[PDB]
Each structure stands twice: as structure tokens, then as C-alpha cells.
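Undergrad: Could you have a look at this structure, given as C-alpha cells, before my questions?
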Amino acid sequence: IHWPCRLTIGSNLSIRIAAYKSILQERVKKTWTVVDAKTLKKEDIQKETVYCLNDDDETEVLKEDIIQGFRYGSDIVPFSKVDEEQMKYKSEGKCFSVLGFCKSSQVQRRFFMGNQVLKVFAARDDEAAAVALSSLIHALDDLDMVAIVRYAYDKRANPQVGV
Amino acid sequence: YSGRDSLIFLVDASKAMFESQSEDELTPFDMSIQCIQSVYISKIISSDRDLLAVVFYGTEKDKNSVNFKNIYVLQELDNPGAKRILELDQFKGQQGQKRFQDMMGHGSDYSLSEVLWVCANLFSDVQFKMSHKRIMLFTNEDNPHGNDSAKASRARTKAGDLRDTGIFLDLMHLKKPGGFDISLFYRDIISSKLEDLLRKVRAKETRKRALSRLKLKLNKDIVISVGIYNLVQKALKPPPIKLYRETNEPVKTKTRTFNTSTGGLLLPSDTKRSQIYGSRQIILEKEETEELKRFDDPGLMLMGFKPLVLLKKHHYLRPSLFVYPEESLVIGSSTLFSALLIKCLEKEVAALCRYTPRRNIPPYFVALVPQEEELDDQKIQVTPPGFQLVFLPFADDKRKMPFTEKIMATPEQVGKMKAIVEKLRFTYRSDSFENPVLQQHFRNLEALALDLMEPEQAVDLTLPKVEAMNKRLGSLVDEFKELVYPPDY
Amino acid sequence: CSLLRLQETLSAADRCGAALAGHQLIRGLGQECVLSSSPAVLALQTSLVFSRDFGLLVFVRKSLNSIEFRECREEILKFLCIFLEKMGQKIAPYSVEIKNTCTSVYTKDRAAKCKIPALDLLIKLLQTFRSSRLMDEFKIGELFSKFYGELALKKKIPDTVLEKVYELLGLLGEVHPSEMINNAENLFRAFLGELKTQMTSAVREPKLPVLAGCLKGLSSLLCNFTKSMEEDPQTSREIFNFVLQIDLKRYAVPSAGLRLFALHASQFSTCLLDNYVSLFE
Amino acid sequence: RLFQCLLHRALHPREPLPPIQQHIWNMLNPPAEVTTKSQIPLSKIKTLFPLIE
DNA sequence: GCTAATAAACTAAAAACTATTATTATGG
DNA sequence: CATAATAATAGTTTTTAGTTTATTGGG
């Protein structure tokens, strides 16, 4: 689906762009639904996560009285969901902003990272800007230039630096 | 190679933490304390497999298990942790310095040979795989050989023993930085970075031991022992260890399959895998599932040779892994691969295989980028001699685009924007990317481990700007964007 | 006395967390172990109450994951089991005591961080029943009720050499009420399933250790009287001999299966008609 | 392989499952004519270097 | 006028790091 | 049957592998 964004760098550049996945596995849709061998009814199957405590009787307690610890150094630091929910901050929105330029000769295929190929599309609703972006594509190709881009996957995800 | 890097922190107590000593700052006590605190934080975030102990050569009233005179033992050898952070915060800042004055005081008499004795004891205390053992020391007293010559001779003897023992010691500028002036004669047994130590770069985890090694069963006859490794990693969320929100007690979340109907604990045996498709629930089993994934033995079966010219940007997958030649049960692996690398100018036609990761799991086509012995002049083996495992996609690895084929623009645009981009050439730096969420997370952890007022939000190099490139280049990019109604809507 | 001195200083040298202190404690444990190894009848009676008191002391007071406790009480259970060899029935009002203590011990890390203490637990209690049946072996009813509650447990996360499914955890110390019968038929179908899994003896999935090391010995103590020669499962378990491939390494496990086949040779009727010579050779 | 297993368990779920396949497994194998042209130089290298220790 | 098509996170996960004990060989 | 036999069958924390988590969506 459309990944709308404006590729904005500096005080001048802002190009409306819709990103799309090019390389992407089609995973199996219907899963290996485990069913009772003697009735084949997953509906008659329960998956309960009995949050027991470290007790002899291991008294179960919901997360109501449970916090999320973290083994910080030779100790554990517990952060509640709101505690670990306010400490956070990421690039809000479908962010995509190039950091600068460099020759692609500096990097190598052995120096790549990321799992797919993401063909970002041209300018949105601006064919003049689209062909200008095509010419900029050519300009990058001639100089081996790279669009090193800070990319927040969306509002919901963290930023991810890419090119 | 596993091993605990034991590090000892020798800090003076008489004046080397308290005399300016050819400088003008305050007592080096506070700066040294903050330096070591920073490095402790750096280890906590980056390395918790390295033991640490702090010692105070010079002691008016001994705090030492050794009970030797002029020995102040604060923290024993142990991995970094919050108790030690509080321990040092007691002696942090000028308030911590006046504390130091309180319980033991400065101007403390020293016992150098006994200090070597007790730190040797501490080194002997460890019972684990050790990677490195360093004595870290700061002193305004660069050359206190003015002591009795017996003490100096015994100390040099102990130094010969410990470096002979392999114990390492570091003294670094505190009095006369640079010009080799520091350590006017304590250069005899020892043969700047304060900025880095205070900088406490952290959150760096790296391979410690070998893992994931296989063989190159290229044909049905030949195998070649190798090893598969990673240097590109996806940063994790640190483990949310469910603790009792009151009592900080862990959780035994007893999750199992069960029955919603008859109240019985089901098992994978009396249950079956299944696939609700069309008019037939396609049944399966756990070992049935494994077999459906069980294709062949792990290893590298050679499927061909392809030039390093078909590989293109769209020919890309998950980040590549590495193969190093190995000789455990295949003689000549390294030798034959050395032949391959010397004739790699012709071996741009790299190996082709459908790599099987392990047993019970299918193979997958993954190309292999020939890694040379790219050893730098400073002797850094960047891209060690081997093969990078760029993964060959399938028709699975596709999400198609539309085909609104766009045509090129006038060449003046290309030229002016080439001038723009090369004028706006960002300084290349591979080690320049730190994730703001990651960094800020580290800062929250470290800050909300003490009673810190706030965790700093690390302004990362990954953050784009508005005017830095608009002063390195300017608005001539937009003026060059001469088309009516630019994409700046 | 030496017993008293260890009961006190050992109960004193357990101060806060010093694993060095706790392993000098395991050292004094070894001393008491060799003391019991050199026993006297009066020393027998004295060590009985010392066992009660200070074993309960280490049982309750330590009760923590500290490595000192880990190893010290590991060898504590080791010593208790290796002493179980001989007390006589004198451990009868003291049997139920340590029965409950050991059940709770299982409910401890020996459910979470099961180790050598867990097998110590198991062997001690099992040899206890086979040394003493049904004078306090009635609490064991509800004990196994809970056990089967945690035996129907799907969680096979625990350690392989501490797995509990196919050779020794025999359970028939009680009168075999319908409780264990109803639980046991489910146990039996589980045995069938995971043994069928086991005999894929071409798929390089041995899983032999204590995985094939506890609960079909539970079957051994269970199959003695259950599921007579009346159905397909009979011939299935008959077939379950076939491999019992080559093993070497003393081939204990194939020989173990063969020994069980010896145990229930009586249970081998109505189908062994087949394959005279193959079986016999 | 998943598809043909689906066909098995659909038409005849009451059967043991087949192997992965031949034909689908068949179409992954490396070039046979390359093996033919290789076996002589392949023999040269393989006999040239023992691969055991 | 409607109603995914995802993708932050799932919540996990199989890796020898390490090897004591049994090995059943040979004093007993 | 002799009785300290000294190898494999794991013990390990591995990172790293498939986990629904999520919202735009046909009216």
C-alpha cells in the first residue's frame, strides 16, 4: 500500500513520495492450526499462560502486580509498561529524510544491511517534480551518489537509517 | 575465545588525586572519579563479561582484606553493576572527595610494593576464563621514584613478575600530558584517552566465541570445513524479565496447551497440526511438520558459478553472512581457498549453492561474495578472507510495482544537481549511525538506574538538519528546481 | 559434639551471600557425609535427629538460588540419597516429614532450575517407597495428584539429562486407586506417542538420556497390572522392542528397554505367535 | 513440497506422506553436463588434496 | 456510505560456549 | 569378577532463526 511521505532535507527539499516493497516473501496465510488428534477441534483447545510466581505453590498473579525488569549490569532494573512507555521516543510519522551524500564506491555489496529492496516511487501529484527526481536519479548514478536517509517506518515504528 | 577482561582501577589517595601538579584544575580526585564512573557505565551498557576492582594506592587507615598498610580496597574484582555505581557516587564530585576525607582522608601514606601484592592477590582471586587483566592508574606523581630505593626496586621486580604473569598496567597522563614528559621515570616499567573514557561509548556487543561452523559439501565427494558468522546484527529490546510489580519477584508464566472444554492439559501427541483449506482440513503433526521442513543435512552443496556481474541492487535480500575457511576435518581448505583468492581476479564468477542452515530445516540458495585477505596497513583484517553470504531470492521474494515508466529530464537538471550533491557531499563515515531510540533507551536505563534527574536524549549523527546542508550548499537546490509548483507544495 | 558443632557453625557460617562460606558449608557437608559413612548405632540415633533438625534448617533457611545454596544443597540431597541405602524403617514418622520436604523441594527450583538435586529428590523418594509402602504412603495420593497435574504439563523446557519421560520414575507405592488408573491411561497414550517418536531410529533424533530416562520406568511400575493383552497397543509395545541399530557406550539404554521387556514378559501374550525365530535369535 | 503434501493429505490423508518430491527436488540439482566436464578436473583437485584430519 | 493486508512487535527459539561421568577397555 | 579404566553425551548462553502484536482498508 501507499507509504506517503515528503522527502525533506535542508530548508528547500520536500518531495512527496509513496514507498512500496519490491522484495517481500509471501508467507503461508492459513497456519498449521493445532487440533486435538481425537476430535480435530482447536475450539476445544485452550492456551493459557498461568502467570505463576516463584512460590512452592507458585501463586499465579496477573501482570496487575507484575513489572518488566531488565538485567542492568550486575542487577535488574524493573520498568513498568508506562515506565518504559514514557522513556521512549521515536520519529513520529512516516518519516523519510536523507542525511547527505557520498559515493556508493565507499560502500560495498558486502557492506549492506536490511532485508529487502524498497523501490521508493517518484514525486506524488507532481510530474514535473517526478521527472526532476528522475534527473536527480541520473545525477546520483553519475557521481555514485547515495541518498543516506533517516527513515521512520511509520508513526508506529522507530527511525531506521537507510539509503 | 571466551574470557573475562579483569580491569583494576588504581587511583592515588595522598595528592595525585588532589594536587594540580603542573596544571590548574581542581583536585584530580573528582575528574578521575567521573572518568572511572563513565567507563563503568560504558561497560554496563556494552560489556558485562569483564571484572572490575578499584584500589587506592596510598591509605592513611587501611580498608583492605589484605590488611596491609597503605591499602584501601573499595570494590573487589566483579562485573560492572549498580552497587559499584552507588559505591563510587559516594566518592563522586567534591562531596565525594570530602567523604574520602571523612572516612580515610587524603594525604594518605602509600605502600607501592604492597599495592602490587594485593592487586596480585585480587588477580589470583578470579576463578573464571580470563581474557585480559589490566591495571588502570592515574597519578599526578608521574615519577615518585623519590621513595626509598628498596621500594622502587621491589615494585619494579613485582612489575616484571606481573607482566611476566601477564598482568598489565596502565598509567596515563595526569600531570604533564603529552611530549612523553609524564612518567618522568616510571616509564621504566610502563610502555590522551581521558576524552574517550569520559565519553563512555557503550552498547557494543560483539562475538566472543566461535559458532555456526559447517562444511562445503560442494559435490557428492568433496566437503570443506568452514564457519558462518555475523557482524551485522539487529539490535534487540533488552529482555522484559516479568518482576512482581511490588516485590520485584520474577514470574512463572505457566503457559501450556489445554482444552477449553474438559479441563485437561493437552500434549503435542494427542493433538495434531492442521490446515483449514477449502473443503479439507489438511492435518499434520509436529514431526510431520519437521519432515515437511526436513530437506537435507546442513552444509554448502555447490550449485554452480556465477560472475559478480549479474548481482544488482534488486538482487538483494537479508544482510549477508560470512564464511571463513576452516580446517578441522578437511585438510587444504585454507590452502585451496588461498588459491581461490589469488585467482579471484578471475574468480569474479563466485560459488553458487543452496545453503542448508541446519538439519530439519530446508536449504536456501545464497550467493557467496569472495572476501579477500583485505588486511589494512595498520593490520586490520577488514572483510577477512572468506565469502559473504548474499542470499539468492526466489519468486517468493517479490512484491511487484506498477509500471508507470518515467522518462528522463533535460541534462541541465542532472548536471546542476550533480554539482549540488557533490558540493553537498556528506563526509563519509561508516561508524556514524546510532539509533536515537536505542541511545535514548540506554540513557533511560542508566539514568533510571540511579536517581538521575533526567536521561539525556542523545542527539545522533543520524538526525538530518535544515541549515547545515543549507549552508554547505544553500537554497540553490530550490532555485535550480525551476519547474512551476515544485514538490514544495 | 562434632554433629552439634557442624549443626551450629554450619547453621552459623551461612550468613548472607558468601558463596565461599556456602561452599565451606558444602565442605562441612562432606565431613558429615563421611561421618555417616563411619556410623555407630548411638551415632545412628544421634545423626537421625541431627538429620531432622539441620536438614530442615538447610531445607528452609537457605531456600534461595544463591550458588552456595545451589551446590551445598545439591550435595546435601546427594548425601541424603547415598545414605538412604541404610536406615531401616526407623525413617517412618520421619519418612512423611522428608516426603513433604522433598515434594516442596520439587516445587522449588527443582521445578524451575532442576538439577542434580531433582534427581536426588526422585531417587530418594522412590527408593523410600520401595523400602516402605503404605504406612504413610497416602499423602502420596494427593502428592501424585499434583504430580500428574504437573506431569500432564506440556512444558518440556527442563534439562535433557533432567527429563522425566522414559525409564525410571515408577509410581505404584499407593493402592493404585482409580485416581492413578485414570491418570495412568493418559500416561500410557503419551508413552505410546512419544515412543513412536523415539523409534524413528533413522532420523538422528536419539533423545535417549534421562528423556528416555524416567517415565516409562513409571510405566514399568505401572504396566505390571494395566492394559492386558487385549488390543493393538499390546502388539505396539511388543514391537517397541525391535531396535532394543547399534549403540555402544555400554549400550545402557537399549539394554534398559530390553530389561523392561524382561520385566513384563508376562505382559507379552496373545500376539508373540508371530516371528518365533527373529525374537528368539 | 507443501502443495504436494496438501494433495496427498487431501486425496489420501490415510496414507504415509511421500518424500519432499523427486521432480521438484529434481529441478534444483546442479548442471549435469558441468559435472561431466568437471569430474576429470574435479578428480584432479580432489585427489590432489586429501580433505580429512 | 465498510471495514485491513499489515509489519511498531511478536514473545521466541535448538545455537556447543562447555564438558563429568561413564566409559567397560585394564591394575584390585 | 576381577577394580582409580578415561571417551562422548551432555550440562552451557548462545543470536538467531517464526512468533500476532499491530492500521489502511470494498461498501
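Coordinate-derived values only; no laboratory data. Every residue, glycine as well, gets a Cβ built from its backbone with ideal geometry; the counts of neighbours run over all protein chains shown.
Undergrad: Above 42 angstrom, tally the Cα pairs of chain B and express them as a % of all pairs, no decimals.
TA: Of all Cα-Cα distances in chain B, 46 percent exceed 42 Å.
Undergrad: Please report the projected area of the range B:395-489's Cα convex hull averaged over all directions, in nm².
TA: On the way: hull surface 47.8 nm².
Approximately 12.0 nm², given one-decimal rounding.
Undergrad: Using Cα pairs under 8 angstrom and six or more residues apart, how large is the relative contact order of chain A, in percent?
TA: Details: 215 pairs, mean separation 44.8, N = 163.
Rounded, it is 27 percent for chain A.
Undergrad: So how do B:423-429, B:269-275 stack up, highest first, on mean other-Cβ count within 10 Å?
TA: Put in order of decreasing packing, that is B:269-275, B:423-429.
Undergrad: Sort largest first and round to whole Å: the equivalent ellipsoid semi-axes of chain D, each the square root of five times a Cα gyration tensor eigenvalue.
TA: 40, 14, 7
Undergrad: For a label point 7 angstrom out from the Cα of C:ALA112 toward its Cβ, which stretches of the range B:221-254 have the backbone nitrogen within less than 11 Å?
TA: Hits in the range B:221-254 for C:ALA112 at 11 Å: B:243-244, B:249-253.
Undergrad: Compute the whole-percent fraction of alpha carbon pairs in the range A:9-76 spaced more than 14 Å apart.
TA: 82
Undergrad: Right, here's the next one. Using alpha-carbon positions, what is the distance between the centroids of the range B:47-126 and the range B:361-400, in Å?
TA: 48
Undergrad: Please give the Cα centre distance for the range C:59-124 versus the range A:59-87, rounded to the nearest Å.
TA: Each part's Cα centre sits 33 Å from the other's.
Undergrad: Just to be sure I understand the model, the point goes 7 Å from the Cα along the line to the Cβ. What's the resulting C:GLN45 to C:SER255 distance in nm?
TA: 4.4
Undergrad: Please give the average number of partner chain Cβ atoms lying within 10 Å of the Cβ of each residue in B:303-313, rounded to a whole number.
TA: The per-residue average across the peptide is 2.
Undergrad: Ignore the peptide's own chain and count Cβ atoms of other chains within 10 Å of each Cβ in A:79-88; give me the average, rounded.
TA: Shielding by partners across A:79-88 averages 3.
Undergrad: Separate question: Extending each Cα 7 Å along its Cβ direction at B:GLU195 and D:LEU28, get the distance between those two points in nm, one decimal.
TA: So the two model labels end up 5.4 nm from each other.
Undergrad: How large are Rg and Dmax for chain C when calculated on the C-alpha trace, in angstrom?
TA: My reading of the Cα-based Rg and Dmax gives 21.4, 68 Å.
Undergrad: Using the charge dipole of chain C (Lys, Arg: +1 at Cβ; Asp, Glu: -1 at Cβ; taken about the Cα centre), state which of C:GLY173, C:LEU222, C:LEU121 has its Cα farthest towards the positive end.
TA: Positive-most Cα among the choices belongs to C:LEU121.
Undergrad: Also, quick follow-up: Using θ = phi - 60° and the Karplus curve 6.51 cos²θ - 1.76 cosθ + 1.60, what whole-Hz ³J(HN,Hα) does each residue of the range B:28-36 get, with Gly and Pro shown as x?
TA: With the stated coefficients, the range B:28-36 comes to x, 3, 5, 5, 5, 4, 5, 4, 5 Hz.
Undergrad: Run the simple label-point estimate for A:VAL28 and A:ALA157 please: 7 Å along Cα→C-beta, distance reported in nm.
TA: 2.5
Undergrad: Toward the positive end of the charge dipole of chain C, about the Cα centre and with charges on Cβ (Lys, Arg +1; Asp, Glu -1), which of C:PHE144, C:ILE91, C:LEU56 goes farthest?
TA: It is C:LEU56.
Undergrad: With +1 assigned to the C-beta of every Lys and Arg and -1 to the C-beta of every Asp and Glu, and no other charges, what is the dipole magnitude of the protein assembly as shown about the Cα centre in debye, to the nearest 20?
TA: 2280
Undergrad: Also, I was wondering about something else. Out of B:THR271, B:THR255, B:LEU243, whose Cα points farthest toward the positive end of the dipole of the range B:234-296 (charges: +1 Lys, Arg; -1 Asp, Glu; placed on Cβ)?
TA: Positive-end residue among those listed: B:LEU243.
Undergrad: Mind checking the range B:1-75 for trypsin sites (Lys or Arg not before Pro) that DSSP puts in a loop (not H, G, I, E or B) and that have at most 14 other Cβ atoms within 10 Å?
TA: B:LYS61, B:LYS69
Undergrad: What list of ³J(HN,Hα) values in whole Hz, one per residue of the range C:30-46 in order, does the Karplus curve 6.51 cos²θ - 1.76 cosθ + 1.60 (θ = phi - 60°) give from phi, with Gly and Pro shown as x?
TA: x, 4, 5, 4, 6, 4, 4, 5, 10, x, 9, 4, 4, 4, 4, 5, 5
Undergrad: Which of the chymotrypsin sites (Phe, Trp or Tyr not before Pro) found in the range B:1-43 are in a DSSP loop and have at most 16 neighbouring Cβ atoms, other than their own, within 10 Å?
TA: When the chymotrypsin sites (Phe, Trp or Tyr not before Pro) of the range B:1-43 are filtered for loop state and at most 16 Cβ neighbours within 10 Å, B:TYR1 remain.
Undergrad: Kindly work out what percent of the DSSP beta bridges joining two residues of the protein assembly as shown are antiparallel, to the nearest 5. Could you put the intermediate results ahead of the total?
TA: On the way: 70 of 88 bridges.
Once the DSSP bridges in the protein assembly as shown are tallied, antiparallel ones form about 80 percent.
Undergrad: Here is a further query. Sort C:205-215, C:89-99 for me by packing, meaning the mean count of neighbouring Cβ atoms within 10 Å per residue, highest on top.
TA: Ranking the peptides C:205-215, C:89-99 by packing returns C:205-215, C:89-99.
Undergrad: Here's something else I'd like to know. Kindly list the residues of the range B:103-147 that lie in the label zone of B:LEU184, defined by a backbone N under 19 Å from the point 7 Å along the Cα-to-C-beta vector.
TA: Residues B:138-147 fall inside that zone.
Undergrad: Could you state the angle between the C-alpha long axis of helix A:127-143 and the longest principal axis of the C-alpha atoms of chain A, as a value from 0 to 90 degrees rounded to the nearest 10?
TA: It is inclined by approximately 90 degrees.
Undergrad: Moving on. Of all alpha-carbon pairs in the range B:188-270, indicate the percentage at a distance above 20 angstrom.
TA: Values: 2556 of 3403 pairs.
Percent of Cα pairs beyond 20 Å in the range B:188-270: 75.
Undergrad: So the label point goes 7 Å from the Cα of C:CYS1 along Cα→C-beta, right? Which residues of the range C:14-43 then have their backbone N under 11 Å from it?
TA: Under 11 Å, as judged by backbone N against the label point of C:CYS1, lie C:40-43 of the range C:14-43.
Undergrad: Next question, about the same structure. From the mean inverse distance of alpha carbon pairs (Kirkwood) and the Cα radius of gyration, derive Rg over Rh for the range B:4-205.
TA: 0.93
Undergrad: So, one more: For peptide B:353-365, what's the mean number of Cβ atoms from other chains within 10 Å of each residue's Cβ?
TA: Other-chain Cβ atoms within 10 Å of each residue's Cβ, averaged: 1.
Undergrad: Hey, another quick one. Quote the FRET efficiency, to the nearest 0.05, computed for A:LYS81 versus D:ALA10 with a Förster distance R0 of 41 Å and r equal to the Cβ-Cβ distance.
TA: Efficiency, from the Cβ-Cβ distance: 0.35.
Undergrad: Ok, one more. Sum up the charges of everything whose Cβ sits under 10 Å from the Cβ of B:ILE342, counting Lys and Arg as +1 and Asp and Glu as -1, but leave B:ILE342 out.
TA: Surrounding charge for B:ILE342 is -1.
Undergrad: Separate question: Give the whole-number value, in cubic angstrom per residue, of the convex hull volume spanned by the C-alpha atoms of the range C:1-143.
TA: 93
Undergrad: For the pair C:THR160 and B:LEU375, what calculated FRET efficiency results from E = 1/(1 + (r/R0)^6), where r is the Cβ-Cβ distance and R0 = 51 Å, to the nearest 0.05?
TA: According to the calculation, E is roughly 0.75.
Undergrad: Could you sort B:430-443, C:101-114 so that the peptide with the highest average Cβ count within 10 Å comes first and the rest follow in order?
TA: Sorting B:430-443, C:101-114 by mean packing, highest first, produces C:101-114, B:430-443.
Undergrad: Suppose we keep just the alpha-carbon trace of the range B:51-122; what are its Rg and Dmax in angstrom?
TA: 12.1, 31
Undergrad: Once you charge only the Cβ atoms, +1 for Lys and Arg and -1 for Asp and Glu, what is the size of the charge dipole of chain C about its Cα centre, to the nearest 20 debye?
TA: Using only the charged Cβ atoms, the result is roughly 760 debye.
Undergrad: Reported to two decimal places, what Rg/Rh ratio describes the protein assembly as shown when computed on Cα atoms with Rh from the Kirkwood expression?
TA: 1.01
Undergrad: Quote the FRET efficiency, to the nearest 0.05, computed for B:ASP164 versus C:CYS16 with a Förster distance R0 of 45 Å and r equal to the Cβ-Cβ distance.
TA: 0.75
Undergrad: Would you mind checking which residues have amide H under 5 Å from A:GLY162's amide H? H placed 1.01 Å from N; only 5 or more apart, or other chain.
TA: A:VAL149, A:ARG150, A:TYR151
Undergrad: Taking the Cα centre of the range B:4-205 as origin, sum charge times position over the Cβ atoms of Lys and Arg (+1) and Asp and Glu (-1), and report the length of that vector in debye to the nearest 20.
TA: The calculated dipole for the range B:4-205 is roughly 480 debye.
Undergrad: Can you give me the Rg/Rh ratio for the range B:332-484, using Cα atoms for both radii and the Kirkwood formula for Rh?
TA: 1.10
Undergrad: So how long is each side of the range B:234-296 along the principal axes, counting just the alpha-carbon atoms, biggest first, in Å?
TA: Computed over the Cα atoms, the extents are 51, 41, 23 Å.
Undergrad: Moving on. Mind jotting down a quarter of the surface of the convex hull over the alpha carbons of the range B:1-71, in square nanometres, one decimal?
TA: 6.4
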